[PDB]
J.: 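The structure follows.
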Amino acid sequence: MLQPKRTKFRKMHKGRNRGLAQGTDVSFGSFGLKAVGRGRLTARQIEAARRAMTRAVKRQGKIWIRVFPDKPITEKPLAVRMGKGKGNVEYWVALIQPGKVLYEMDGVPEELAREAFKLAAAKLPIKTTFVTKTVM
Amino acid sequence: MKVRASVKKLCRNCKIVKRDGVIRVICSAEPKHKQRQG
Amino acid sequence: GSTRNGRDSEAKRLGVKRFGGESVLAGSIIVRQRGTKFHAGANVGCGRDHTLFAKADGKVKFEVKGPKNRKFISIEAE
RNA sequence: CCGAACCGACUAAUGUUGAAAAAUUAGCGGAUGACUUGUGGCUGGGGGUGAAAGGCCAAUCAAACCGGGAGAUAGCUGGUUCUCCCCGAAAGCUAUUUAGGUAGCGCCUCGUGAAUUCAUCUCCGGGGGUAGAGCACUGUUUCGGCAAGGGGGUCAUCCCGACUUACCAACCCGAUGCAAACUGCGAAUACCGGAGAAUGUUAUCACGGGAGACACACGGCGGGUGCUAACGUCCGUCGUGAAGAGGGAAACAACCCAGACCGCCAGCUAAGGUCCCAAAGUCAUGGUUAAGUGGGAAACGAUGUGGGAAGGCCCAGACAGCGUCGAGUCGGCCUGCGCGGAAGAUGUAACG
RNA sequence: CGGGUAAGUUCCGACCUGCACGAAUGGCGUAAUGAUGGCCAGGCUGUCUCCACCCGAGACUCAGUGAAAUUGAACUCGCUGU
RNA sequence: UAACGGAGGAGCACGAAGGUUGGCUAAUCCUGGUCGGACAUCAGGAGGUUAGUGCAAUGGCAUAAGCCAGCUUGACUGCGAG
RNA sequence: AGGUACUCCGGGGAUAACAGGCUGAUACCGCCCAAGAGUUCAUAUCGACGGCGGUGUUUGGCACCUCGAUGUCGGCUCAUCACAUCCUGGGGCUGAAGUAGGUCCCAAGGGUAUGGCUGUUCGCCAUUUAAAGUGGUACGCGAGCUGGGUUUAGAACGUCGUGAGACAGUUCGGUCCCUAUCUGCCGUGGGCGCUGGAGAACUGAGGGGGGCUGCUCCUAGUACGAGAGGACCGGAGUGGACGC
Ligand SMILES: [K+]
Ligand SMILES: [K+]
Ligand SMILES: [K+]
Ligand SMILES: [K+]
Ligand SMILES: [K+]
Ligand SMILES: [K+]
Ligand SMILES: [K+]
Ligand SMILES: [K+]
Ligand SMILES: [K+]
Ligand SMILES: [K+]
Ligand SMILES: [K+]
Ligand SMILES: [K+]
Ligand SMILES: [K+]
Ligand SMILES: [K+]
Ligand SMILES: [K+]
Ligand SMILES: [K+]
Ligand SMILES: [K+]
Ligand SMILES: [K+]
Ligand SMILES: [K+]
Ligand SMILES: [K+]
Ligand SMILES: [K+]
Ligand SMILES: [K+]
Ligand SMILES: [K+]
Ligand SMILES: [K+]
Ligand SMILES: [K+]
Ligand SMILES: [K+]
Ligand SMILES: [K+]
Ligand SMILES: [K+]
Ligand SMILES: [K+]
Ligand SMILES: [K+]
Ligand SMILES: [K+]
Ligand SMILES: [K+]
Ligand SMILES: [K+]
Ligand SMILES: [K+]
Ligand SMILES: [K+]
Ligand SMILES: [K+]
Ligand SMILES: [Mg+2]
Ligand SMILES: [Mg+2]
Ligand SMILES: [Mg+2]
Ligand SMILES: [Mg+2]
Ligand SMILES: [Mg+2]
Ligand SMILES: [Mg+2]
Ligand SMILES: [Mg+2]
Ligand SMILES: [Mg+2]
Ligand SMILES: [Mg+2]
Ligand SMILES: [Mg+2]
Ligand SMILES: [Mg+2]
Ligand SMILES: [Mg+2]
Ligand SMILES: [Mg+2]
Ligand SMILES: [Mg+2]
Ligand SMILES: [Mg+2]
Ligand SMILES: [Mg+2]
Ligand SMILES: [Mg+2]
Ligand SMILES: [Mg+2]
Ligand SMILES: [Mg+2]
Ligand SMILES: [Mg+2]
Ligand SMILES: [Mg+2]
Ligand SMILES: [Mg+2]
Ligand SMILES: [Mg+2]
Ligand SMILES: [Mg+2]
Ligand SMILES: [Mg+2]
Ligand SMILES: [Mg+2]
Ligand SMILES: [Mg+2]
Ligand SMILES: [Mg+2]
Ligand SMILES: [Mg+2]
Ligand SMILES: [Mg+2]
Ligand SMILES: [Mg+2]
Ligand SMILES: [Mg+2]
Ligand SMILES: [Mg+2]
Ligand SMILES: [Mg+2]
Ligand SMILES: [Mg+2]
Ligand SMILES: [Mg+2]
Ligand SMILES: [Mg+2]
Ligand SMILES: [Mg+2]
Ligand SMILES: [Mg+2]
Ligand SMILES: [Mg+2]
Ligand SMILES: [Mg+2]
Ligand SMILES: [Mg+2]
Ligand SMILES: [Mg+2]
Ligand SMILES: [Mg+2]
Ligand SMILES: [Mg+2]
Ligand SMILES: [Mg+2]
Ligand SMILES: [Mg+2]
Ligand SMILES: [Mg+2]
Ligand SMILES: [Mg+2]
Ligand SMILES: [Mg+2]
Ligand SMILES: [Mg+2]
Ligand SMILES: [Mg+2]
Ligand SMILES: [Mg+2]
Ligand SMILES: [Mg+2]
Ligand SMILES: [Mg+2]
Ligand SMILES: [Mg+2]
Ligand SMILES: [Mg+2]
Ligand SMILES: [Mg+2]
Ligand SMILES: [Mg+2]
Ligand SMILES: [Mg+2]
Ligand SMILES: [Mg+2]
Ligand SMILES: [Mg+2]
Ligand SMILES: [Mg+2]
Ligand SMILES: [Mg+2]
Ligand SMILES: [Mg+2]
Ligand SMILES: [Mg+2]
Ligand SMILES: [Mg+2]
Ligand SMILES: [Mg+2]
Ligand SMILES: [Mg+2]
Ligand SMILES: [Mg+2]
Ligand SMILES: [Mg+2]
Ligand SMILES: [Zn+2]
């Protein structure tokens, strides 16, 4: 479960999630799993998809995770009223915009990369698509 | 019969067929593979 | 529970009071600032809290000058 | 001690606009005693009396009743009576033993006075650090390279050290992201100032008479909070309701169209509509859908069906069927409309 | 834990881990007494299984007398929605 | 420009830590050097403010507002266009 | 500086407790992916790490309705609907030999315990049953009954407090009103209509009631099975509960 080792501040404004992604090319491997939709990826989701990916290729090749969950999310406990300060940090997310390459793979055939990425996408709350490296 | 939202070919002998507006999987080899979408 | 925050200070109404081209009388405050984001040019003084004020009547003029590309405010006699 | 009179009042039913403002009926306790009863007397209201329940003191008791101070006070609730004409708010800021009160200011009205005073647009002069972007800085982040060093070991071991890494690797170099409290960049708008025309019943400013108001609501946009929950909550800004009728959205303050001086059995339009209820096209032309989809919903599933650009194989005979057979075949991509996924309580009931 | 019951969050007897008993704002016992609180049994039964019939007083009809609370105005239906 | 929104501080200090004149320039690391070590003082180099600021944070600061020294009391009184 | 449950007045649904509403985090019920378990075998049956919905049933959030009053928990009486089905009916798959099960689909016609304890709802226990369903209806039902519990005034214990007093701690005691106008519902008449009047017998648009099930025997100790055991389908009899 990824999570910043330390941060300047404990809590963060909700913010919004507009725009298209930066980092839309396969930059490290040969195959990538790219986001088509918009949303949040929790650290548990990122890790559940990593495990499914890694078991499918029998821990061969190499896998990059291009996203990191650096945004803390707070929640108010059950049976607590409104007010009395911001809630407690409960988990961490990465904000995803369309076009974001989420994972990359190398050192395996394309057919196996497609199958491994399919099993991973089934763990994620956002629609995705399989991409390959381009020369330009 | 398996009643699922996701019905698929489970072996090379499974066949997809649509009967009266319902997607079904019928298999000549394995009765366990019979499915209907629902 | 309760919060350990909840404090703030009153707003200080800093900023530019007379913009470029405005005609001012001597003594008029042109900008209030913490430290010298703007520097005093011709016919402008710098107060003890770094307020820039007109030392003559005329028109406000902003310009970037010098080796550090610093911003200066001067008064053009009109 | 048992049990009538007499004195009580434990249980039940009735009664509850009663026969009764505490009873009746059937049962119940005491019944020679700290008993019960007649007549008369005494104790007086912060006072009496009390085998003590704040009990009782004339159907009244945590301070009786009557009269007076007296029209106590009531920042609270209610109510406030004839007509027409003109204008027309606010539900904010600051302070408050203040928060549903009040005061000054803002906003309304009436009056007087004074400047091309004010607004819109165009052009000119300005500051900016938001959106976006970026990663030198502050932090955070992944991969590779280099590697001080560190650790784990093989010897050596007095001091040395010699090697080796499951190794960890900072620094630096290259590549990838992230930030409300990061910025070597940086808009649109908004705002301040100047100039110019046209338009506007001075729309601006000052002073003076009179206020009301200081519970706001929903909708759009930018946000904090909450669960990017709430017809939730807290700001900014615009609109409407409030204080605004008419037409539309079946019905529906706050949405869409639009601002009702009065009369008309005239005409043109807006939003929204034109088969019948119900005013107006059963209009014209070309397509799509077969689900009553239209007229409720997701991940995901599928030879539904329309369109498009490529590709593989194929009369040197493909694909399916069983060497035969003789004309197409296969599966990706993108895209339009549909299908499953789809269970709720009075009655169809998710096109009025 | 034991007893009682086919079955017992109550009851009785114990144990002591007394949240938070305890010695005249008394401790522990106690015959007798109590319209006092809890539990068990015999008798008894319309309490109940499960109600039936009957006798009276009302209710109902006729004659006489004759109230009440309440009440913006009513030509005062169901459903589903708003 | 609000919230029982997110984070930190103050209720002082200083007759010099104030005035002025003259002068000066940081952190960190590397190399060599008695005791001396990761880190003392010395020398050179790299570096270029990554330091400093009486105390939070922000905006500033090299002409320094940072560091050192001499002389000093302008930490003056009355006023004040704007 | 405190207490008031001995209490009192003026106000507020500007503001809480009940029920409604909005919401759906939580809860419950579906589904998607398939790590694995299952000798082998992901999918008979379970389904880790994660993903997507539905309901409005839980615990909550909000404070929109009611503070010139919308009576509470449980029991009793009487119900009515939904279906996510407890029984009975129909079916697919099974790691289904049979008997008996597991799981999923269809199905709401009818049916769906009595007792001991406790105020209980619940729960545990005893003994039944084909079964002893899950929810909605102001957590259905007090102008229908009860009043054991909660929640006035009396009293006591433990505990807290100097004290008055206090405690979703405990303990004993403690007033439940209403003659029905309207809607609704169960019954029962009067009026007029239906086209001359009258006495009868009808047709049947439409509406309502009813719809449960055990055990034994035969088939047959047959099919099935190594045995143990033991059927489908079909037929006969006799009961329980309910109704006339
Ligand atoms: K006497
Ligand atoms: K007294
Ligand atoms: K009297
Ligand atoms: K008195
Ligand atoms: K005021
Ligand atoms: K005025
Ligand atoms: K003009
Ligand atoms: K401008
Ligand atoms: K950076
Ligand atoms: K707004
Ligand atoms: K208006
Ligand atoms: K339809
Ligand atoms: K005493
Ligand atoms: K004694
Ligand atoms: K007694
Ligand atoms: K006794
Ligand atoms: K000095
Ligand atoms: K000096
Ligand atoms: K008091
Ligand atoms: K009391
Ligand atoms: K939901
Ligand atoms: K919902
Ligand atoms: K589902
Ligand atoms: K109320
Ligand atoms: K029910
Ligand atoms: K069944
Ligand atoms: K079955
Ligand atoms: K049924
Ligand atoms: K009981
Ligand atoms: K219980
Ligand atoms: K209720
Ligand atoms: K009652
Ligand atoms: K009740
Ligand atoms: K009622
Ligand atoms: K009525
Ligand atoms: K029927
Ligand atoms: Mg933003
Ligand atoms: Mg400030
Ligand atoms: Mg007495
Ligand atoms: Mg008597
Ligand atoms: Mg006696
Ligand atoms: Mg006696
Ligand atoms: Mg007196
Ligand atoms: Mg008392
Ligand atoms: Mg009296
Ligand atoms: Mg008094
Ligand atoms: Mg007086
Ligand atoms: Mg008076
Ligand atoms: Mg007007
Ligand atoms: Mg004060
Ligand atoms: Mg008030
Ligand atoms: Mg940005
Ligand atoms: Mg202008
Ligand atoms: Mg106020
Ligand atoms: Mg206000
Ligand atoms: Mg407001
Ligand atoms: Mg908004
Ligand atoms: Mg908001
Ligand atoms: Mg609101
Ligand atoms: Mg909202
Ligand atoms: Mg008003
Ligand atoms: Mg209107
Ligand atoms: Mg209208
Ligand atoms: Mg209308
Ligand atoms: Mg016309
Ligand atoms: Mg018409
Ligand atoms: Mg539809
Ligand atoms: Mg669909
Ligand atoms: Mg229905
Ligand atoms: Mg026991
Ligand atoms: Mg027992
Ligand atoms: Mg005992
Ligand atoms: Mg004691
Ligand atoms: Mg004691
Ligand atoms: Mg003693
Ligand atoms: Mg004592
Ligand atoms: Mg004592
Ligand atoms: Mg005693
Ligand atoms: Mg006695
Ligand atoms: Mg009569
Ligand atoms: Mg404001
Ligand atoms: Mg404000
Ligand atoms: Mg100097
Ligand atoms: Mg100095
Ligand atoms: Mg008491
Ligand atoms: Mg009162
Ligand atoms: Mg509520
Ligand atoms: Mg609720
Ligand atoms: Mg309210
Ligand atoms: Mg509100
Ligand atoms: Mg209500
Ligand atoms: Mg009323
Ligand atoms: Mg009522
Ligand atoms: Mg069903
Ligand atoms: Mg039916
Ligand atoms: Mg039938
Ligand atoms: Mg008994
Ligand atoms: Mg009992
Ligand atoms: Mg109820
Ligand atoms: Mg119920
Ligand atoms: Mg009732
Ligand atoms: Mg009654
Ligand atoms: Mg009681
Ligand atoms: Mg009593
Ligand atoms: Mg009653
Ligand atoms: Mg008749
Ligand atoms: Mg029927
Ligand atoms: Zn198959």
Side-chain angles (χ1 to χ4, degrees), chain A residues 2 4-19 21-23 25 27-29 42 44-49 51-52 55 62 64-71 73-76 78-87 94-95 100-101 104 118-127, chain B residues 1-8 10 15-18 21-25 31-34 36-38, chain C residues 1-3 5-7 9 11 14-29 31 33-38 50 53-54 57 59-62 68 71 73:
Chain A
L2 308 170
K5 314 180 150 85
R6 50 209 299 310
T7 52
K8 263 185 329 192
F9 298 105
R10 291 182 316 138
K11 306 179 178 180
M12 184 178 295
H13 283 170
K14 191 191 315 297
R16 300 290 185 275
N17 192 28
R18 295 187 48 198
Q22 271 104 56
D25 291 321
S27 289
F28 297 93
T42 75
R44 294 186 176 272
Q45 296 160 359
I46 284 157
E47 158 80 344
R51 283 169 192 178
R55 172 194 310 115
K62 194 164 177 54
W64 294 260
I65 308 186
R66 303 273 312 272
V67 290
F68 189 91
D70 59 337
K71 180 183 172 57
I73 302 299
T74 58
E75 292 180 331
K76 270 202 171 314
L78 204 63
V80 163
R81 307 208 152 141
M82 296 289 100
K84 328 293 186 193
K86 194 157 171 86
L95 290 184
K100 188 75 159 194
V101 175
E104 309 182 341
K118 170 192 232 259
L119 300 167
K123 314 294 182 184
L124 305 179
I126 297 160
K127 192 147 320 187
Chain B
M1 174 96 57
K2 294 163 168 43
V3 183
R4 303 165 164 192
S6 163
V7 301
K8 316 177 253 184
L10 298 184
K15 297 214 150 11
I16 307 271
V17 66
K18 186 157 114 150
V22 176
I23 305 290
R24 308 178 171 268
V25 181
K32 282 173 165 201
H33 289 178
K34 209 164 55 170
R36 66 130 38 209
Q37 194 169 53
Chain C
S2 71
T3 189
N5 305 315
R7 287 167 310 280
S9 70
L14 307 169
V16 173
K17 304 310 184 178
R18 297 307 257 286
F19 294 83
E22 296 202 49
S23 292
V24 300
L25 302 184
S28 299
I29 292 178
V31 59
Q33 45 174 9
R34 298 289 170 251
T36 53
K37 184 175 300 104
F38 299 97
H50 304 297
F53 59 96
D57 293 10
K59 298 189 160 307
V60 174
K61 193 200 191 0
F62 293 78
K68 309 246 199 63
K71 319 170 136 135
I73 305 180

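Below, chains carry the letters A, B, ... as their sequence lines are ordered, and counting in each starts from 1.
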J.: Does C:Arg18 put a side-chain nitrogen or oxygen below 4.0 Å from OP1 or OP2 of D:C192?
T.: no
J.: Any donor-acceptor pair under 3.5 Å joining the side chain of A:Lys14 to the base of D:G223?
T.: no
J.: Dump every N/O contact between nucleotides 336-342 of chain D and the protein below 3.5 Å, one line per pair.
T.:
unit_1	atom_1	unit_2	atom_2	d
D:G340	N2	B:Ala5	O	3.1

J.: Sort me out a list of protein N/O and nucleotides 290-296 of chain D N/O pairs below 3.5 Å, or just none if empty.
T.:
none

J.: Decide if atom NZ of A:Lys118 counts as having more than 12 heavy atoms of other residues, nucleotides or ligands within a radius under 6.0 Å.
T.: no
J.: Do we count A:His13 as stacking onto D:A179 if the rule is ring centres under 5.5 Å and planes under 30°?
T.: no
J.: Ignoring hydrogens and angles, answer whether the base of G:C33 and the side-chain atoms of A:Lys123 contain a donor-acceptor pair closer than 3.5 Å.
T.: yes
J.: Considering only nitrogen or oxygen atoms on both sides, find all protein atoms under 3.5 Å from nucleotides 182-188 of chain D and state each distance.
T.:
unit_1	atom_1	unit_2	atom_2	d
D:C182	OP1	A:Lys8	NZ	3.3
D:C182	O5'	A:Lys8	NZ	3.4

J.: At under 4.0 Å between heavy atoms, what does A:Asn17 touch on the DNA or RNA strands: base, sugar-phosphate, or nothing?
T.: base
J.: Quick test of your reading of the model: are C:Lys59 and C:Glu22 salt-bridged, counting only N-O distances below 4.0 Å?
T.: no
J.: Tell whether A:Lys62 reaches the base of D:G144 with its side chain through a donor-acceptor pair below 3.5 angstrom.
T.: no
J.: Ignoring hydrogens and geometry beyond distance, is the side chain of C:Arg7 in donor-acceptor contact with the base of F:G8 at under 3.5 Å?
T.: yes
J.: For C:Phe38, report the nucleic acid contact type (base, sugar-phosphate, nothing); a contact means any heavy atom under 4.0 Å.
T.: sugar-phosphate
J.: Using the P atoms only, state how far G:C87 lies from G:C215, rounded to an integer number of Å.
T.: 15 Å
J.: Please report the distance separating the P of G:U85 from the corresponding atom of G:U134, rounded so that it comes out in whole Å.
T.: 13 Å
J.: For nucleotides 169-175 of chain D, tabulate all protein N/O to nucleotide N/O atom pairs closer than 3.5 Å, reporting atom names and distance.
T.:
none

J.: Does any N or O in the side chain of A:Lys71 come within less than 3.5 Å of the main-chain N or O of A:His13, such that one atom is a donor and the other an acceptor?
T.: yes
J.: Output the single nucleotide from D:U142, G:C105, G:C62 whose closest atom is nearest the side chain of A:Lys5.
T.: D:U142
J.: For nucleotides D:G212 and D:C105, find the distance between their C1' atoms and express it as a whole number of Å.
T.: 15 Å
J.: I want to verify the glycosidic state of G:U179; is it syn or anti under the 90° rule?
T.: anti
J.: Select base, sugar-phosphate, or nothing to describe what C:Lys71 touches, counting heavy atoms under 4.0 Å on all strands.
T.: sugar-phosphate
J.: Please verify, for F:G66 and F:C24, whether Watson-Crick or G-U wobble pairing holds with both distances under 3.5 Å?
T.: yes
J.: Go through the structure and list residues passing side chain to side chain donor-acceptor pair (under 3.5 Å) with C:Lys71, not counting sequence neighbours.
T.: none
J.: Looking only at atom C1', what distance separates E:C15 and E:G2, rounded to whole Å?
T.: 11 Å
J.: C:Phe62 vs C:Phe38 aromatic rings, parallel, tilted or perpendicular, using cut-offs 30° and 60°?
T.: perpendicular
J.: Need the pair for D:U346. Rule: Watson-Crick or G-U wobble, both distances under 3.5 Å, any strand; none if unpaired.
T.: none
J.: Mind checking if A:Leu119 touches a base, just sugar-phosphate, or nothing, with heavy atoms under 4.0 Å?
T.: sugar-phosphate
J.: Please work out if B:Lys2 contacts a base, only the sugar-phosphate, or nothing of the nucleic acid, heavy-atom cut-off 4.0 Å.
T.: sugar-phosphate
J.: Please state the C1' separation for the pair G:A132 and G:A113 - nearest whole angstrom.
T.: 6 Å
J.: Would the number of heavy atoms belonging to other residues, nucleotides or ligands and lying under 6.0 Å from CZ of B:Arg24 be above 12?
T.: yes
J.: With sugar-phosphate meaning primed atoms plus P, OP1 and OP2, does A:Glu47 contact a base, only sugar-phosphate, or nothing at under 4.0 Å between heavy atoms?
T.: nothing
J.: Can you confirm whether the side chains of A:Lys11 and A:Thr74 place a donor and an acceptor under 3.5 Å from each other?
T.: no
J.: Is there a donor N/O on one and an acceptor N/O on the other, under 3.5 Å, for the side chain of B:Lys34 and the base of G:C93?
T.: no
J.: Using modelled atom types only, decide if a donor and an acceptor are shared between the side chain of A:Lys76 and the backbone of A:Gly83 within a distance under 3.5 Å.
T.: yes
J.: Any side-chain N or O of C:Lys59 less than 4.0 Å from the OP1 or OP2 oxygen of D:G194?
T.: no
J.: Please classify the nucleic acid contact of A:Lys11 as base, sugar-phosphate, or nothing, using heavy-atom distances under 4.0 Å.
T.: base
J.: With nearest nucleotide decided by heavy atoms, which residue, C:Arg34 or C:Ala26, maps closer to the 5′ end of RNA chain F?
T.: C:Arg34
J.: Give one of base, sugar-phosphate or nothing for A:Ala94, where a contact means two heavy atoms less than 4.0 Å apart.
T.: nothing
J.: Which label fits D:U335, syn or anti, where anti is any glycosidic angle not within 90° of 0?
T.: anti
J.: For C:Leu25 and for C:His50, find the nucleotide of RNA chain F with the closest heavy atom, then tell me which residue's nucleotide is more 5'.
T.: C:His50
J.: Go through the structure and list residues passing side chain to side chain donor-acceptor pair (under 3.5 Å) with A:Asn17, not counting sequence neighbours.
T.: A:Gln97
J.: For B:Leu10 and G:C93, give me the distance from atom CG to atom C1', rounded to whole Å.
T.: 13 Å
J.: Are the six-ring centres of G:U181 and G:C182 nearer than 5.5 Å, with the two ring planes set at an angle smaller than 30°?
T.: yes
J.: Heavy atoms under 4.0 Å, any strand shown: does C:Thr36 hit a base, just sugar-phosphate, or nothing?
T.: base
